[PDB]
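Enquirer: Requesting a structural model of the entry that follows:
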Amino acid sequence: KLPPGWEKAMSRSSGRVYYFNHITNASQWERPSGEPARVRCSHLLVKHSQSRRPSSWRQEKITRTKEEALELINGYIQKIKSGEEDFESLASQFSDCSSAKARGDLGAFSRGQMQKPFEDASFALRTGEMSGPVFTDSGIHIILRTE
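Expert: Residues are numbered from 1 along each chain as shown. The protein structure is shown below:
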């Protein structure tokens with residue numbers, strides 16, 4: 001009953017049941033449905049003033065608050081989910097990581113290499129699926145599992 005991390009919840013707005021993943025922060029109306037050694041993922045990182053290194057190729061001094069970074073992240077998720085913009089396009093333009101130059105692709109990795117909240121979300125995604133906001137010391141990410 002429900003894959004790893006998935007649980008059922010009541011929408012306050014609509015009164016309909018939804019499904020949420022406490023490991024990936026994914027949420028959706030639809031019922032979701034041998035852990036691989038490696039996964040491949042892309043990400044979009046929004047840094048803020050409390051990030052470990054508040055600097056990127058986009059902006060030498062990042063000054064936004066963590067609250068403002070999360071609003072940005074939420075906005076990007078809305079644009080991706082609506083199909084107004086695709087993930088790769090937003091990562092290329094707006095990610096505060098040099099991975100932006102490869103459409104956010106980080107390549108393949110196993111457990112024990114990445115920041116643990118990043119890793120955990122990555123391995124709880126099925127191929128094709130996207131996370132909600134994932135919080136690490138680097139900042140807030142959206143993760144897309146591509147393999």
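Enquirer: which residue ranges form the strands in this protein?
Expert: For the chain, the strands defined by DSSP state E occupy 6-10, 17-21, 27-28, 38-46, 105-110, 134-136, 139-145.
Enquirer: so residue 59 touches residue 96, yeah?
Expert: Yes - the pair formed by residue 59 and residue 96 meets the contact definition of C-beta atoms under 8 Å, at 7.2 Å. In short, each C-beta sits where N, CA and C put it, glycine included.
Enquirer: Of the two, which one has the most company?
Expert: Between residue 59 and residue 96, counted using other C-beta atoms under 10 Å, the more crowded position is residue 96 (27 against 12).
Enquirer: Between the two ends of stretch 130-147, how far is it?
Expert: Length of stretch 130-147, first residue to last, C-alpha to C-alpha, to the nearest Å: 12 Å.
Enquirer: buried residues in that stretch?
Expert: Residues 130-136, 138-146 are the ones in stretch 130-147 that count as buried (16 or more other C-beta atoms under 10 Å).
Enquirer: and what of stretch 58-67?
Expert: Buried residues in stretch 58-67, counting neighbours by 16+ other C-beta under 10 Å, are found at 62, 64, 66.
Enquirer: about what we covered before: could you point out which of the strands of the chain sits nearest residue 86?
Expert: strand 139-145 (9.9 Å; C-beta to C-beta).
Enquirer: Strand 38-46 and the closest one, what's the angle between them?
Expert: Relative orientation of strand 139-145 and strand 38-46, computed by axes from the mean of the first three to the mean of the last three C-alpha atoms, to 10 degrees: 140 degrees.
Enquirer: which other helices and strands contact strand 139-145?
Expert: strand 38-46, helix 66-82, helix 116-124, strand 134-136 (3 or more C-beta pairs under 8 Å, 6 or more residues apart in numbering; DSSP states H and E).
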